[PDB]
Amino acid sequence: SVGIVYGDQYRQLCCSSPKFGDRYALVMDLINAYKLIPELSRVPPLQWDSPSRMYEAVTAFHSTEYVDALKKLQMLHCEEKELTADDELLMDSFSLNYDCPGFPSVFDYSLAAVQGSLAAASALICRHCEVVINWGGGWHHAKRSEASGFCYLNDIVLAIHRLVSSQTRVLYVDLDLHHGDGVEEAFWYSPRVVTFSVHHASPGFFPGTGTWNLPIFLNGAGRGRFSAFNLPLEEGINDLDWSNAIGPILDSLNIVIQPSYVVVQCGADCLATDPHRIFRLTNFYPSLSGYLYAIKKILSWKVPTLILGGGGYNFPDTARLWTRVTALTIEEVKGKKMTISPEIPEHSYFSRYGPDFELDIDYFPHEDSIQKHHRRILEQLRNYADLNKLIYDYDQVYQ
Ligand SMILES: O=C(NO)c1ccc(Cl)c(NC(=O)c2ccc(Cl)cc2Cl)c1
Ligand SMILES: [K+]
Ligand SMILES: [K+]
Ligand SMILES: [Zn+2]
């Protein structure tokens, strides 16, 4: 079946942060208004049988002291009195500040996404589901002992760790506007988790990595050398050029790596209507949405797949994209056509889709360095396959 993570408590927690507000509710209610929920298997978030089992799961990646600080940060924000100087210094040492502030549910909110993405991995491992979707997950910037970019716990790293410990190889594909630095870093020394991020990069733009470092690309270390891939792209790119840029790379990686699982981060901040206003992708499904192109290509491999959310700050347009991604996944896996009306159906958040209440985002598209990146990346894939002694047809890949 196609699984999707949700639950009443889960929806409550995913909607409790100051930055992302009720985004997750809009996403799931649009999926519901288009009658997709009966097509999907509900995957409940993982719960644990003691505080010690919870800690053992989260500290598979994160340090115990970081977990301790994040839980203390929640407690402190549930009392009225403000922080002492010693507690502020403690939070500062884990970057629990500025872009990653505390709030009354910050720990349960962060943990919830971990619970969802670990349950999604389990449902793929036991073969209940061929694909699982978690639009509450995808928080790719969090590091072992540091919050970053409103990511407090790295649900993706923990999901991938569960997958690889079930020889298992995982291909991680990161479609967010931003470089997936936290996932890349976690698996920097690990050849069995190959990471590939396509993103904007330019001087001063967050988080800064995934690009030239004459400078060269770093790409892993130890036995993980050549196992971290990156494609940085200039601002203004449209669906067609983004699709051609990443399409051959995706197919080459699948052919050479032959992954046991694929994990996709599908942050929606590349949409032309995101307030970042950097890339110009759409949710269009005839100009074909770069996101839908990539997901369809990945699903055509027939490899068990985890699809996660991520960035996306125009909440109705994020709903519009992820609803179409969800219908596409049903069609590709079940072989059953999903027809989606071009008009938004009546439902509790209908008023949020004004002023025109259509499923297409409201955008009118327009519009050699990529050739050089393609040559560089193919060379790296050759180095990866040589180092790891893999068998593959150069002429099929070079094709
Ligand atoms: O999504 C992210 N990473 O995956 C991510 C990480 C760090 C930052 Cl600073 C941001 N940026 C924002 O939050 C933001 C920027 C401009 C505007 Cl107009 C509105 C917002 Cl909401 C996003
Ligand atoms: K990315
Ligand atoms: K790696
Ligand atoms: Zn982002």
# chains A, B, ... in the order shown; residues from 1 in each chain; ligands from 1
>>> residues_around(residues="stretch 112-127 of chain A", least_positions_apart="6", cutoff="6 Å", atoms="only C-alpha atoms", output="CSV table (one decimal) with N, CA, C and O atoms, in the first residue's frame")
chain,number,residue,atom,x,y,z
A,45,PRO,N,2.4,7.4,14.3
A,45,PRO,CA,3.7,7.7,14.8
A,45,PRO,C,4.2,6.7,15.9
A,45,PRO,O,3.3,6.2,16.6
A,46,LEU,N,5.5,6.4,15.9
A,46,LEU,CA,6.0,5.5,16.9
A,46,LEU,C,5.9,6.1,18.3
A,46,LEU,O,6.1,7.3,18.5
A,136,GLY,N,4.9,15.7,7.9
A,136,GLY,CA,5.3,16.3,9.1
A,136,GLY,C,6.8,16.3,9.3
A,136,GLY,O,7.4,16.9,10.3
A,137,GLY,N,7.6,15.6,8.4
A,137,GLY,CA,9.0,15.4,8.6
A,137,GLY,C,9.8,16.1,7.5
A,137,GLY,O,9.3,17.0,6.8
A,155,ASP,N,15.0,14.1,12.0
A,155,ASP,CA,14.2,12.9,11.8
A,155,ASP,C,14.7,12.1,10.6
A,155,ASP,O,14.6,10.8,10.6
A,159,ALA,N,15.6,8.1,10.6
A,159,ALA,CA,14.9,7.2,9.7
A,159,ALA,C,15.9,6.4,8.8
A,159,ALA,O,15.8,5.2,8.7
>>> residues_near_ligand(ligand="ligand 3", cutoff="10 Å", atoms="only C-alpha atoms and all ligand atoms", output="mmCIF file with N, CA, C and O atoms, in the first residue's frame")
data_model
loop_
_atom_site.group_PDB
_atom_site.id
_atom_site.type_symbol
_atom_site.label_atom_id
_atom_site.label_comp_id
_atom_site.auth_asym_id
_atom_site.auth_seq_id
_atom_site.Cartn_x
_atom_site.Cartn_y
_atom_site.Cartn_z
ATOM 1 N N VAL A 170 21.204 2.988 0.945
ATOM 2 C CA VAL A 170 20.144 3.995 0.880
ATOM 3 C C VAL A 170 20.618 5.147 0.001
ATOM 4 O O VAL A 170 21.755 5.619 0.142
ATOM 5 N N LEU A 171 19.754 5.576 -0.917
ATOM 6 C CA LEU A 171 19.975 6.783 -1.702
ATOM 7 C C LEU A 171 19.080 7.872 -1.134
ATOM 8 O O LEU A 171 17.861 7.691 -1.062
ATOM 9 N N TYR A 172 19.685 8.983 -0.712
ATOM 10 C CA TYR A 172 18.973 10.131 -0.169
ATOM 11 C C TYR A 172 18.980 11.269 -1.194
ATOM 12 O O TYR A 172 20.050 11.684 -1.653
ATOM 13 N N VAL A 183 22.015 16.011 7.016
ATOM 14 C CA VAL A 183 22.028 14.616 6.546
ATOM 15 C C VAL A 183 23.362 14.274 5.890
ATOM 16 O O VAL A 183 23.960 13.223 6.157
ATOM 17 N N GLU A 184 23.844 15.147 5.002
ATOM 18 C CA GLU A 184 25.166 14.954 4.393
ATOM 19 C C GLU A 184 26.254 14.732 5.440
ATOM 20 O O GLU A 184 27.057 13.793 5.341
ATOM 21 N N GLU A 185 26.290 15.596 6.455
ATOM 22 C CA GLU A 185 27.303 15.493 7.510
ATOM 23 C C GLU A 185 27.194 14.177 8.274
ATOM 24 O O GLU A 185 28.209 13.512 8.535
ATOM 25 N N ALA A 186 25.976 13.779 8.642
ATOM 26 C CA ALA A 186 25.814 12.555 9.429
ATOM 27 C C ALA A 186 26.410 11.347 8.720
ATOM 28 O O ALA A 186 26.909 10.417 9.365
ATOM 29 N N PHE A 187 26.342 11.319 7.397
ATOM 30 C CA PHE A 187 26.757 10.141 6.648
ATOM 31 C C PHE A 187 28.022 10.396 5.829
ATOM 32 O O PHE A 187 28.352 9.610 4.929
ATOM 33 N N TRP A 188 28.768 11.445 6.198
ATOM 34 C CA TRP A 188 30.012 11.845 5.534
ATOM 35 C C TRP A 188 31.021 10.703 5.405
ATOM 36 O O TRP A 188 31.764 10.643 4.423
ATOM 37 N N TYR A 189 31.096 9.814 6.397
ATOM 38 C CA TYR A 189 32.075 8.722 6.396
ATOM 39 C C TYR A 189 31.466 7.375 6.010
ATOM 40 O O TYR A 189 32.100 6.333 6.195
ATOM 41 N N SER A 190 30.265 7.373 5.465
ATOM 42 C CA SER A 190 29.501 6.141 5.325
ATOM 43 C C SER A 190 29.185 5.903 3.854
ATOM 44 O O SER A 190 28.383 6.657 3.272
ATOM 45 N N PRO A 191 29.785 4.895 3.209
ATOM 46 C CA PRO A 191 29.521 4.681 1.773
ATOM 47 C C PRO A 191 28.154 4.084 1.462
ATOM 48 O O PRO A 191 27.721 4.156 0.308
ATOM 49 N N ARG A 192 27.454 3.514 2.433
ATOM 50 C CA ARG A 192 26.182 2.850 2.157
ATOM 51 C C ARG A 192 24.984 3.790 2.163
ATOM 52 O O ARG A 192 23.885 3.360 1.800
ATOM 53 N N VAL A 193 25.166 5.049 2.560
ATOM 54 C CA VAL A 193 24.137 6.085 2.451
ATOM 55 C C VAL A 193 24.703 7.146 1.510
ATOM 56 O O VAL A 193 25.538 7.965 1.907
ATOM 57 N N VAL A 194 24.281 7.124 0.253
ATOM 58 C CA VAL A 194 24.727 8.114 -0.728
ATOM 59 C C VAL A 194 23.752 9.287 -0.701
ATOM 60 O O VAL A 194 22.543 9.085 -0.839
ATOM 61 N N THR A 195 24.259 10.500 -0.447
ATOM 62 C CA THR A 195 23.416 11.686 -0.355
ATOM 63 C C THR A 195 23.587 12.562 -1.596
ATOM 64 O O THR A 195 24.690 12.693 -2.125
ATOM 65 N N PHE A 196 22.482 13.145 -2.069
ATOM 66 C CA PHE A 196 22.473 13.995 -3.268
ATOM 67 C C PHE A 196 21.500 15.128 -3.000
ATOM 68 O O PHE A 196 20.308 14.870 -2.812
ATOM 69 N N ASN A 219 33.456 15.870 -0.858
ATOM 70 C CA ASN A 219 32.445 14.887 -1.233
ATOM 71 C C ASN A 219 32.430 13.638 -0.348
ATOM 72 O O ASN A 219 31.968 12.585 -0.797
ATOM 73 N N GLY A 220 32.863 13.745 0.901
ATOM 74 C CA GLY A 220 32.949 12.614 1.810
ATOM 75 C C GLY A 220 34.378 12.365 2.271
ATOM 76 O O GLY A 220 35.336 12.961 1.784
ATOM 77 N N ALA A 221 34.507 11.454 3.240
ATOM 78 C CA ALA A 221 35.831 11.182 3.801
ATOM 79 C C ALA A 221 35.921 9.729 4.275
ATOM 80 O O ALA A 221 34.908 9.059 4.479
ATOM 81 N N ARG A 223 36.084 5.857 4.226
ATOM 82 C CA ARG A 223 35.430 4.966 3.269
ATOM 83 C C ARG A 223 34.235 5.611 2.589
ATOM 84 O O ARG A 223 33.749 5.076 1.585
ATOM 85 N N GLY A 224 33.762 6.750 3.098
ATOM 86 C CA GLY A 224 32.710 7.510 2.464
ATOM 87 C C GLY A 224 33.175 8.502 1.415
ATOM 88 O O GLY A 224 32.367 9.307 0.943
ATOM 89 N N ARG A 225 34.454 8.501 1.050
ATOM 90 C CA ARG A 225 34.901 9.420 0.007
ATOM 91 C C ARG A 225 34.079 9.218 -1.264
ATOM 92 O O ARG A 225 33.717 8.088 -1.616
ATOM 93 N N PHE A 226 33.752 10.333 -1.925
ATOM 94 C CA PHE A 226 32.960 10.424 -3.157
ATOM 95 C C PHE A 226 31.492 10.069 -2.966
ATOM 96 O O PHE A 226 30.777 9.912 -3.968
ATOM 97 N N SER A 227 31.018 9.924 -1.726
ATOM 98 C CA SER A 227 29.656 9.460 -1.459
ATOM 99 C C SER A 227 28.662 10.574 -1.131
ATOM 100 O O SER A 227 27.500 10.264 -0.851
ATOM 101 N N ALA A 228 29.084 11.844 -1.119
ATOM 102 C CA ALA A 228 28.186 12.987 -0.916
ATOM 103 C C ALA A 228 28.157 13.803 -2.209
ATOM 104 O O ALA A 228 29.202 14.295 -2.644
ATOM 105 N N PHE A 229 26.973 13.936 -2.827
ATOM 106 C CA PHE A 229 26.825 14.628 -4.110
ATOM 107 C C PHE A 229 26.032 15.922 -3.938
ATOM 108 O O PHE A 229 25.087 15.991 -3.146
#
>>> residues_around(residues="residue A:69", least_positions_apart="3", cutoff="9 Å", atoms="only C-alpha atoms", output="PDB file with C-alpha atoms, in the first residue's frame")
ATOM      1  CA  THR A  64      22.605  13.001  25.237  1.00  0.00           C
ATOM      2  CA  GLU A  65      23.525  16.497  26.459  1.00  0.00           C
ATOM      3  CA  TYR A  66      21.824  18.089  23.435  1.00  0.00           C
ATOM      4  CA  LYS A  72      15.113  21.642  29.561  1.00  0.00           C
ATOM      5  CA  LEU A  73      14.370  24.393  27.025  1.00  0.00           C
ATOM      6  CA  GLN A  74      10.750  23.202  26.763  1.00  0.00           C
ATOM      7  CA  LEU A  90      23.825  26.582  28.013  1.00  0.00           C
ATOM      8  CA  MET A  91      21.281  27.041  25.215  1.00  0.00           C
ATOM      9  CA  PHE A  94      23.742  24.150  21.285  1.00  0.00           C
ATOM     10  CA  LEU A  96      19.210  26.964  20.713  1.00  0.00           C
TER      11      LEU A  96
END
>>> residues_near_ligand(ligand="ligand 1", cutoff="9 Å", atoms="only C-alpha atoms and all ligand atoms", output="VMD selection string")
chain A and resid 19 to 20 99 138 to 141 148 to 151 176 to 180 205 to 207 267 to 269 274 to 277 310 to 314
>>> write_last_selection(atoms="N, CA, C and O atoms", output="short mmCIF file (atom, residue, chain, number, x, y, z; two decimals), in the first residue's frame")
data_model
loop_
_atom_site.label_atom_id
_atom_site.label_comp_id
_atom_site.auth_asym_id
_atom_site.auth_seq_id
_atom_site.Cartn_x
_atom_site.Cartn_y
_atom_site.Cartn_z
N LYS A 19 6.84 29.22 13.95
CA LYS A 19 7.27 29.43 12.56
C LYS A 19 6.34 28.75 11.54
O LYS A 19 6.00 29.35 10.51
N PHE A 20 5.93 27.51 11.78
CA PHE A 20 5.16 26.82 10.76
C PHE A 20 3.66 26.81 11.01
O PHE A 20 2.91 26.35 10.15
N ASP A 99 17.48 31.88 15.24
CA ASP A 99 16.57 31.18 14.34
C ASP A 99 15.97 29.91 14.92
O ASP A 99 15.01 29.38 14.34
N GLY A 138 11.12 15.79 7.51
CA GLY A 138 12.06 16.38 6.56
C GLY A 138 12.99 17.47 7.08
O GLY A 138 13.40 18.34 6.31
N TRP A 139 13.38 17.43 8.37
CA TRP A 139 14.07 18.56 9.02
C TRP A 139 15.59 18.37 8.89
O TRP A 139 16.29 17.95 9.82
N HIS A 140 16.11 18.75 7.72
CA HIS A 140 17.40 18.25 7.26
C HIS A 140 18.61 19.01 7.80
O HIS A 140 19.73 18.54 7.57
N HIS A 141 18.43 20.13 8.53
CA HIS A 141 19.57 20.94 9.00
C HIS A 141 20.08 20.57 10.40
O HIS A 141 21.16 21.03 10.77
N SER A 148 19.53 24.13 13.92
CA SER A 148 19.91 24.94 12.78
C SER A 148 18.73 25.11 11.83
O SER A 148 18.08 24.13 11.49
N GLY A 149 18.47 26.34 11.38
CA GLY A 149 17.47 26.53 10.32
C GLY A 149 16.08 26.02 10.67
O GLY A 149 15.41 25.40 9.83
N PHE A 150 15.63 26.28 11.92
CA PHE A 150 14.40 25.79 12.58
C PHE A 150 14.29 24.27 12.62
O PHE A 150 13.19 23.73 12.79
N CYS A 151 15.40 23.55 12.49
CA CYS A 151 15.41 22.10 12.67
C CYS A 151 16.05 21.81 14.03
O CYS A 151 17.18 22.23 14.29
N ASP A 176 14.88 20.23 -1.52
CA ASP A 176 14.64 21.52 -0.88
C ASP A 176 15.44 22.65 -1.57
O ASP A 176 16.49 22.42 -2.17
N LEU A 177 14.93 23.89 -1.46
CA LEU A 177 15.72 25.06 -1.89
C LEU A 177 17.10 25.10 -1.26
O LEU A 177 18.04 25.62 -1.86
N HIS A 178 17.23 24.57 -0.04
CA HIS A 178 18.45 24.68 0.75
C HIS A 178 19.23 23.36 0.74
O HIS A 178 18.66 22.27 0.62
N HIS A 179 20.55 23.48 0.84
CA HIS A 179 21.43 22.31 0.93
C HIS A 179 21.10 21.46 2.15
O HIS A 179 20.92 21.99 3.25
N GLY A 180 21.02 20.14 1.96
CA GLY A 180 20.77 19.24 3.08
C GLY A 180 22.05 18.95 3.86
O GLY A 180 22.58 17.85 3.77
N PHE A 205 24.16 32.97 1.49
CA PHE A 205 22.86 32.30 1.49
C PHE A 205 22.96 31.06 2.35
O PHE A 205 23.88 30.26 2.18
N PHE A 206 21.99 30.90 3.26
CA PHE A 206 21.91 29.77 4.20
C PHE A 206 21.83 28.42 3.52
O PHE A 206 21.14 28.29 2.50
N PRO A 207 22.49 27.38 4.09
CA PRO A 207 23.43 27.38 5.23
C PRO A 207 24.87 27.63 4.81
O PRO A 207 25.76 27.69 5.66
N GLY A 267 11.04 19.50 0.24
CA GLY A 267 10.74 20.86 0.68
C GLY A 267 10.23 21.71 -0.47
O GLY A 267 10.77 21.67 -1.58
N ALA A 268 9.17 22.48 -0.23
CA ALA A 268 8.44 23.18 -1.28
C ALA A 268 8.90 24.59 -1.47
O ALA A 268 8.20 25.38 -2.13
N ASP A 269 10.06 24.97 -0.91
CA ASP A 269 10.46 26.36 -1.03
C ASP A 269 11.11 26.70 -2.37
O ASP A 269 11.51 27.86 -2.56
N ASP A 274 6.91 30.80 -3.48
CA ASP A 274 7.48 30.88 -2.14
C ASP A 274 8.01 32.29 -1.89
O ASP A 274 8.56 32.91 -2.82
N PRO A 275 7.87 32.83 -0.68
CA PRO A 275 8.41 34.19 -0.43
C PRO A 275 9.93 34.28 -0.54
O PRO A 275 10.45 35.40 -0.64
N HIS A 276 10.67 33.15 -0.51
CA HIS A 276 12.09 33.23 -0.85
C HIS A 276 12.28 33.85 -2.23
O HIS A 276 13.22 34.63 -2.44
N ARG A 277 11.39 33.51 -3.17
CA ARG A 277 11.44 34.00 -4.55
C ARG A 277 12.81 33.80 -5.18
O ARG A 277 13.40 34.72 -5.74
N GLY A 310 9.51 19.35 4.45
CA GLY A 310 10.68 20.19 4.63
C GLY A 310 10.27 21.65 4.60
O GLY A 310 9.25 22.03 5.19
N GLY A 311 11.07 22.45 3.92
CA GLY A 311 10.76 23.87 3.76
C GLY A 311 9.45 24.09 3.00
O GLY A 311 8.84 23.18 2.44
N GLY A 312 9.01 25.36 3.00
CA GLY A 312 7.79 25.74 2.32
C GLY A 312 6.98 26.74 3.12
O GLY A 312 6.25 26.36 4.04
N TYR A 313 7.07 28.02 2.77
CA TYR A 313 6.59 29.11 3.61
C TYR A 313 5.39 29.84 3.03
O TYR A 313 4.84 30.75 3.67
N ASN A 314 4.94 29.45 1.85
CA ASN A 314 3.62 29.81 1.34
C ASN A 314 2.76 28.59 1.63
O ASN A 314 2.84 27.59 0.92
#
>>> select_by_dssp(residues="stretch 19-219 of chain A", states="strand (DSSP E)", output="compact mmCIF listing (two decimals) with N, CA and C atoms, in the first residue's frame")
# COMPACT_ATOMS: atom_id res chain seq x y z
N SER A 41 -2.91 4.10 3.42
CA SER A 41 -2.79 3.39 4.68
C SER A 41 -2.27 4.38 5.74
N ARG A 42 -3.02 4.58 6.82
CA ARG A 42 -2.52 5.47 7.87
C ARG A 42 -1.39 4.78 8.63
N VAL A 43 -0.25 5.45 8.76
CA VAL A 43 0.87 4.96 9.55
C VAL A 43 0.91 5.76 10.85
N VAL A 131 5.64 2.57 -0.44
CA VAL A 131 6.01 3.98 -0.27
C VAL A 131 5.28 4.48 0.97
N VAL A 132 5.95 5.34 1.77
CA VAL A 132 5.31 6.04 2.88
C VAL A 132 5.63 7.52 2.78
N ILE A 133 4.62 8.34 3.08
CA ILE A 133 4.67 9.80 3.02
C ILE A 133 4.57 10.35 4.44
N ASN A 134 5.46 11.29 4.78
CA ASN A 134 5.35 12.00 6.05
C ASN A 134 5.54 13.50 5.80
N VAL A 170 21.20 2.99 0.94
CA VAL A 170 20.14 4.00 0.88
C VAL A 170 20.62 5.15 0.00
N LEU A 171 19.75 5.58 -0.92
CA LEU A 171 19.97 6.78 -1.70
C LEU A 171 19.08 7.87 -1.13
N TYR A 172 19.68 8.98 -0.71
CA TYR A 172 18.97 10.13 -0.17
C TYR A 172 18.98 11.27 -1.19
N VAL A 173 17.79 11.77 -1.54
CA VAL A 173 17.60 12.80 -2.58
C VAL A 173 16.92 13.98 -1.90
N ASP A 174 17.55 15.17 -1.97
CA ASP A 174 17.12 16.35 -1.19
C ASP A 174 16.73 17.46 -2.16
N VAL A 193 25.17 5.05 2.56
CA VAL A 193 24.14 6.09 2.45
C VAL A 193 24.70 7.15 1.51
N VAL A 194 24.28 7.12 0.25
CA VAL A 194 24.73 8.11 -0.73
C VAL A 194 23.75 9.29 -0.70
N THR A 195 24.26 10.50 -0.45
CA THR A 195 23.42 11.69 -0.35
C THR A 195 23.59 12.56 -1.60
N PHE A 196 22.48 13.15 -2.07
CA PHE A 196 22.47 14.00 -3.27
C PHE A 196 21.50 15.13 -3.00
N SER A 197 22.01 16.36 -2.98
CA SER A 197 21.21 17.55 -2.74
C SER A 197 21.32 18.48 -3.94
N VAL A 198 20.18 18.95 -4.43
CA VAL A 198 20.11 20.00 -5.43
C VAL A 198 19.50 21.21 -4.75
N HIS A 199 20.09 22.39 -4.96
CA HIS A 199 19.74 23.52 -4.11
C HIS A 199 20.27 24.81 -4.73
N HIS A 200 19.78 25.94 -4.21
CA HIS A 200 20.47 27.19 -4.50
C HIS A 200 21.68 27.34 -3.59
